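Structure, as structure tokens:
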Amino acid sequence: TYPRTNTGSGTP
Amino acid sequence: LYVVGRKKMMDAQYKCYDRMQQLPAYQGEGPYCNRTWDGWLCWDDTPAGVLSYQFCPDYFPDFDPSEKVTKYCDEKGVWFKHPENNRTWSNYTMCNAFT
Ligand code: NA
């Protein structure tokens with residue numbers, strides 16, 4: 001398991 | 001493995017600009033969204049009103065490269081912008097939705 005990648009506003 | 005993911009990302013970025021430099025201007029008709037590097041993925045010239053998609057990248061350990069990223073080119077030929085900060089935004093949410 002790993003930290004979750006952000007995919008919200010301010011990301012690509 | 002994050003060192004490798006970043007390297008993959010920077011290679012794709014360089015490759016994207018090479019691709020955008022070499023392909024001829026858009027040959028289609030009517031309004032369209034311009035080719036662009038969105039920060040993680042390269043997108044080609046896209047007709048107005050089209051929801052473009054491609055595979056998720058593998059830069060991050062929780063990303064599934066068999067899922068799809070979507071990017072919406074609206075009917076005025078403008079890439080979708082996130083309403084929170086009004087900047088162009090591709091939809092990577094399915095890349096790690098089911099991890
Ligand atoms: Na170049």
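Here's how to read the names in the structure tokens: chain A, B, ... by the order shown, residue numbers from 1 in each chain, ligand numbers from 1 in the order shown.
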
Could you tell me, counting only C-alpha atoms and all ligand atoms, which protein and nucleic acid residues lie no more than 7 Å from ligand 1, written as a PyMOL selection string?
chain B and resi 14+17-18+21

At a cut-off of 12 Å, list the chain B residues touching chain A, using only C-alpha atoms, as a PyMOL selection string.
chain B and resi 1-2+36-43+56-64+69-71+80-99

Straight-line distance linking CA of residue 75 (chain B) with CA of residue 28 (chain B), stated in Å to one decimal:
14.8 Å
